[PDB]
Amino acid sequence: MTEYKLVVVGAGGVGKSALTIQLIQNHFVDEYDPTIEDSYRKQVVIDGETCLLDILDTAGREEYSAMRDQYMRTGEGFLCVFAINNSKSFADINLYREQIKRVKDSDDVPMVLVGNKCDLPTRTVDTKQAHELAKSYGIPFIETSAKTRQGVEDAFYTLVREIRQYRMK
């Protein structure tokens, strides 16, 4: 069974843990519970093949940005998460992508752009802006709600597909 090392990154509070816990534990808790770091393992079937996902949930803390490099070296694909009601988090995406590119010394790193919190009515990042950013990176864009589960499996599975295509070459 093929293993995929996924890493969830993005600014503090965008919903990285809520997305990961929804995938792993199938529930959502509306609490401020900032992450230190957590690793999870889950077996799934994607496009008819058994996959073992190793998922690293990371802290979104600019004051510890130097601590990211070690997990960027090890990770194989990155879920780059912003919140649709937080324009700063959307700008912070580029900092994470640039850091991944520099640490991994490549423009070809498997990544998916995730716009989370799409259950909230007051959106400040429009879908056109997010689609154009993902297009400029050459990566998929997926809208999610960790609260309702909308798009959650799609986001993680799409990232696996990006890694699978990368390994084919």
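Throughout, we count residues from 1 along the sequence that is shown.
**Student:** According to the deposited model, is the average Cα temperature factor higher in 136-144 or in 116-124?
**Tutor:** Per the PDB record, 116-124.
**Student:** Which has the higher mean CA temperature factor in the PDB entry, 126-134 or 44-52?
**Tutor:** The stretch with the larger mean CA B-factor is 126-134.
**Student:** Maximum C-alpha temperature factor per the entry, among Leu79, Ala83, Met72, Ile93, belongs to which one?
**Tutor:** Comparing C-alpha B-factors across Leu79, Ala83, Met72, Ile93, the maximum falls on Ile93.
**Student:** Which third, lowest, middle or highest, does the CA B-factor of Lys5 fall in along this chain?
**Tutor:** Lowest third.
**Student:** Sorting by Cα B-factor within the chain, modelled residues only, which third would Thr58 end up in: lowest, middle or highest?
**Tutor:** Tercile = lowest for this residue's CA B-factor.
**Student:** Taking the C-alpha B-factors as the PDB entry records them, is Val109 in the lowest, middle or highest third of its chain?
**Tutor:** For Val109, the deposited C-alpha B-factor lands in the middle third.
**Student:** Among all modelled residues of this chain, ranked by Cα B factor, put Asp38 in the bottom, middle or top third, i.e. lowest, middle or highest.
**Tutor:** Its C-alpha B-factor belongs to the middle third of this chain's values.
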